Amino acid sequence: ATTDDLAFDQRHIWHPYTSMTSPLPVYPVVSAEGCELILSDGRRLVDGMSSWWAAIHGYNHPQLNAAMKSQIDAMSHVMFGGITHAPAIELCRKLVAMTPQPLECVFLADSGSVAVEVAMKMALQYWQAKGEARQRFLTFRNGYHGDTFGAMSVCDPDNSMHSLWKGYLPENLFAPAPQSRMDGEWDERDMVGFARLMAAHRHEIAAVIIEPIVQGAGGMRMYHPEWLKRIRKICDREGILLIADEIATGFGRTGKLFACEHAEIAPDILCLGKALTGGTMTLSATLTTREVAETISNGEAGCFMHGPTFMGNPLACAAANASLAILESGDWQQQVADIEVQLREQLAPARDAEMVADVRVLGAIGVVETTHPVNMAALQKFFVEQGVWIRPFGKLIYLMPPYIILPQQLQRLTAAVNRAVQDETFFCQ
């Protein structure tokens, strides 16, 4: 019965970065609760992914659910043009309140990529209004900022295989990936490439854009906070805008509410998403300073030229309010600290495995980088059999569980990672 469904899905439905010619199997999920995904056949999976960062409160959270159902009773949606409403205002109040002081103007959007493109567009309009046609962005390699064309143009030029897009995408400036680790000692030579690029191009750079501390989808790399302090200083001296993409790192995942706090710096533009809504549905936010906001607004345009149809969607704002309200308890701090400790401890053995190239842990992020890319289909199948949901990518078998994950649940995950990495059959050499 559901095998006819899976057949329709296989034949008609794209999934993220998949082939319609030879799609790989996908598992049917019927529901989810706490930290468990429930398949059609009833088997339960402990979630190690938070549905990619965002589901930090796990699934079927009573408070998120209630907040969503209430907003639906008022209105799930109304347009934002000439109209405002309580959920957008409350959400923005919470966002302005919890972010670094200068960030006080909020542009709500629908997705991470759109938030990034909004940030980029802000930087571009800023310099138009200041009369300097700056159009380049300076970023890091191993960056990932989304799949829309603006966002691609600041993603790593190799990973996004921009070679196939090199011609459509404008060429931005890419400093080397930050090499100094976050459990690292800082090394001053790390700064050399970035500084040179700045020096050679400081006049055409509208903004520097980086994922602070954790380069997520670009490799789950965790680099030294000194990088943010220097880039912040470098940006200040050149008057270049700093765009911090915290779409992945936002709302506590790295042990701090925003990864920028690891460096105690503030961006000129801050992109948020994913866990913003507690992973219930899509929403994003791009915050900026009053200075950027006024400059753009006093430009030739007379406004910031962006407006998604479903901008400020009340239902998503309500879910965010609820998600942010749960974080207000502050329980996430210890939860994330405890997950971090347990991940360091339980993933440590993997360092000795021959298939493992590195193990790094930060907040509720646990990463086992392997020497050869994983055999996706085979390893995915293995994980389901171990009763866990772990979604590896390339040479990364990583964990980012909901903050409410129970220690025995986290244990099942780390045990599954350790067991998988010992065995070379789950890897392609």
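A residue's number is simply how far along the shown sequence it sits, counting from 1.
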- Query: Comparing 301-309 with 90-98, which stretch shows the greater average C-alpha B-factor in the deposited entry?
  - Reply: 301-309
- Query: Would 368-376 or 394-402 have the larger average of its C-alpha temperature factors, as given in the entry?
  - Reply: 368-376
- Item | Given 150, 184, 216, 81, the residue at which the Cα B factor reaches its maximum | 184
- Deposited CA B-factor, highest of 325, 317, 191, 155: 191
- Message: Among the modelled residues of this chain, does the Cα B factor of residue 142 put it in the lowest, middle or highest third?
- Response: middle
- Modelled-residue ranking by C-alpha temperature factor, third containing residue 107: lowest
- Query: Which third of the chain holds residue 195 when residues are ordered by C-alpha B factor: lowest, middle or highest?
  - Reply: highest
- Sorting the chain's modelled residues by C-alpha B-factor, tell me whether residue 42 ends up in the lowest, middle or highest third. highest
- Note on the structure: Temperature factor at the Cα of residue 165, chain-ranked in thirds, falls in the highest
